[PDB]
Amino acid sequence: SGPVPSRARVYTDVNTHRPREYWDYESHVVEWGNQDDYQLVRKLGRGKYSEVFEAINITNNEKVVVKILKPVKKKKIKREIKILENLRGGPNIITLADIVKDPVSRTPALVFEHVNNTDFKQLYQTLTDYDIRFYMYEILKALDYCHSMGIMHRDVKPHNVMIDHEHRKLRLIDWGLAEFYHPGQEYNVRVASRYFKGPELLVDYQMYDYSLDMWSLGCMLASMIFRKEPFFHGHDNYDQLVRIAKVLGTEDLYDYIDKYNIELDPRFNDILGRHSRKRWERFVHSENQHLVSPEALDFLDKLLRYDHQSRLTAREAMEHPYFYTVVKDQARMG
Ligand SMILES: Clc1nc2nn[nH]c2cc1Br
């Protein structure tokens, strides 16, 4: 038997039409700068794969951000570098400015354009209904671009969205989990953060595509309009699917498994149970109702689907009525 193959609905063959060196990052040669051009000012945050510092470029007194990479496979470093270089200059994509190594420790580090140390997670508590739509639209610009360039981000979450609210600009960061989409390729399902993992990751379906990012975006949107962080609050990867099933229902879940002939881990048998598909009104209350509208719920429903092929693409999402006012305002002034 085996699982049923799958293909992305959009941007399916974009990498095939590219020269090999565009996506064959294992053969990419890295252009190393001089780390003596940069002095670290202060630590910004600590991660599982890197440490982020505010720094200064000695040569031109320019503020930068330096991401010191924790030891990982050489090919993973080349992948993040190649993806950042391919996407450089794209809408709302963080700009990679330089690549350096410590002379003694040989530890690699990436230097980025400076952004204010404010991510989406810290800000959305004070956001109006319009601001949520505005910044969701800006994220969709970055996703539609990188998807059109044949790249899945695979780690979309509020922590990876830096926002300068005073200037109303945002940047999508942390491309260390991003990967090139190739039709027929099977990918590692051990990606993204638990609360944002798509059902394809949780049931171990490896032939996924750009639509993985659209599930993660739906998880972000639900947490913001409902003020429930996270929206799917699982204890682990198994319970994460249970939390989803208690909302989206078990019937569509098993139909999804049947459609792609997915061999489900037997542990799920005794924990998924039977659950109806819940109406989104269940999560509306007096403190979030000003963020919830029929347009928001209709848009959210079309993102959070078990069947990855049934989710809105980034471009389809940008044309939803949820963004009509945002589109009109950008047409007038931008
Ligand atoms: Cl602040 C910051 N963090 C990152 N993590 N991965 N890439 C990154 C770029 C910037 Br700028």
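The protein goes by Casein kinase II subunit alpha in the PDB entry, where it is assigned to Homo sapiens. The PDB lists this entry under the title "Crystal structure of human protein kinase CK2alpha (CSNK2A1 gene product) in complex with the ATP-competitive inhibitor 6-bromo-5-chloro-1H-triazolo[4,5-b]pyridine". The Subcellular location field of the UniProt record for the protein holds the comment "Nucleus".

## Focus: the overall build of the protein
Along the protein, the regular secondary structure elements total 12 helices and 9 strands. Relative to the 2.2 N^0.38 estimate, which gives 20 Å for 334 residues, the radius of gyration of the protein is 20 Å and therefore close to what a compact globule would have. Its C-alpha atoms give the protein principal-axis dimensions of roughly 60 × 50 × 40 Å. For the protein, with 334 residues in total, the buried portion stands at 51%.

## Considering the site of the ligand
Taken together, the neighbourhood of the ligand is formed by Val 52, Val 65, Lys 67, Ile 94, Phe 112, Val 115, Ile 173 and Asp 174. Side-chain polar atom of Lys 67 to a nitrogen atom of the ligand: 2.9 Å apart, as the coordinates give it. In this structure, a nitrogen atom belonging to the ligand sits 3.3 Å away from a main-chain N or O atom of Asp 174. Of the residues assigned to the shell around the ligand, the class counts are 6 nonpolar, no polar and 2 charged. Counting only domains with at least three residues in the shell around the ligand, you end up with domain 1 (6-23 + 115-333) and domain 2 (24-114).

## Some points on the UniProt feature "domain: Protein kinase" in the protein
The UniProt record annotates "domain: Protein kinase" at residues 38-323. With 35% helix and 17% strand, residues 38-323 has end C-alpha atoms that lie 41 Å from one another.

## Some remarks on helix α7 (residues 237-248)
Here α7 is 12 residues long and its end C-alpha atoms lie 17 Å apart, about the 16 Å a rise of 1.5 Å per residue gives. Listed as buried for α7 are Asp 239, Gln 240, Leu 241, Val 242, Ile 244, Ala 245, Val 247 and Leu 248. Each element contacted by the buried residues of α7 is listed here: α5 (199-202), α6 (211-226), α8 (250-259) and α9 (269-272). Where α7 begins, the capping side chain belongs to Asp 236, and its oxygen is found 2.8 Å from the backbone nitrogen of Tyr 238. Looking one or two residues beyond α7, the residue adopting positive phi is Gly 249, at roughly 90 degrees.

## Examining the nonpolar core
The biggest cluster of nonpolar side chains holds 91 residues, and the ones touching the most others in it are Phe 120, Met 136, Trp 175, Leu 221, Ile 225, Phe 226 and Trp 280. Mapped onto the domain boundaries, this core takes at least three residues apiece from domain 1 (6-23 + 115-333) and domain 2 (24-114). With residues near it in sequence (within four places) discarded, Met 136 still touches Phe 120, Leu 217, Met 220, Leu 221, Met 224 and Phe 323. Core analysis: the second largest hydrophobic core is formed by 11 residues, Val 191, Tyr 208, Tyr 210 and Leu 212 among them.

## A few points about unusual backbone geometry
Note that the residue after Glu 229, namely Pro 230, is joined by a cis bond; omega there is -5 degrees. For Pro 230, the location among the structural elements is in the loop between α6 and α7. Even without a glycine there, the phi angle at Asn 61 is positive, about 55 degrees. For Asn 61, the position within the fold is in the loop between β2 (50-57) and β3 (62-69). Positive phi is not limited to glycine here, since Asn 92 has a value of about 60 degrees. Within the secondary structure, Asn 92 sits in the loop between α2 (74-87) and β4 (96-101). Since its relative accessible area comes to 11%, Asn 92 is described here as buried.

## What to know about the pattern of salt bridges
One pass over the structure, following the stated rule, counts 19 salt bridges. Where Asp 144 meets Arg 315, a salt bridge forms, and the shortest distance between an N and an O atom there is 2.9 Å. Highlighted residues: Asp 144 in helix α4 (residues 129-148) and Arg 315 in helix α11 (residues 314-318), separated in sequence by 171 residues. Look at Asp 144 and you get buried, because its relative accessible area is 8%. For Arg 315, a relative accessible area of 38% corresponds to the partly exposed category. Among the ionic pairs, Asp 298 bridges to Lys 302, the shortest N-O distance being 3.3 Å.

## Some details on the domain arrangement of the protein
Partitioning the protein into structural domains gives domain 1 (6-23 + 115-333) and domain 2 (24-114). Distance between the C-alpha centres of domain 1 and domain 2: 27 Å. Carbon and sulfur atoms supply 55% of the area buried between domain 1 and domain 2, which totals about 2,200 Å² over both sides. Connecting domain 1 to domain 2 are 4 salt bridges.

## Here we look at the side chain of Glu 138
Here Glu 138 is to be found in helix α4. Judged by relative accessible area, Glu 138 falls into the buried class, the value being 9%. A polar atom in the side chain of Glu 138 sits 3.0 Å from the side chain of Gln 330. With sequence-adjacent residues up to four places away left out, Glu 138 is seen in contact with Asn 92, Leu 170 and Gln 330.

Rules used throughout
Residues numbered from 1 in each chain as written, not as in the entry; some residues may be left out. Heavy atoms only, no water. UniProt positions renumbered as here; feature names shortened; annotations may be inferred. Helix = DSSP H or I, 4+ residues; strand = E, 2+ residues; numbered from the N terminus. Rg over C-alpha atoms; globule rule 2.2 N^0.38 Å. Buried < 20%, exposed > 50% of the residue type's maximum accessible area, 1.4 Å probe, protein only. Near = heavy atom within 4 Å. Polar contact = N/O pair within 3.5 Å; in protein donor to acceptor, adjacent residues only side chain to side chain. Nonpolar A, V, L, I, M, F, W, Y, C, P; charged D, E, K, R; others polar. Domains from an automatic or database assignment. Expected span 1.5 Å × (residues − 1). Contact = heavy atoms within 4.5 Å. Core = buried A, V, L, I, M, F, W, Y, C linked by side-chain atoms within 4.5 Å. Salt bridge = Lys/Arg side-chain N within 4 Å of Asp/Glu carboxyl O. Buried area = accessible area lost by both parts, 1.4 Å probe.

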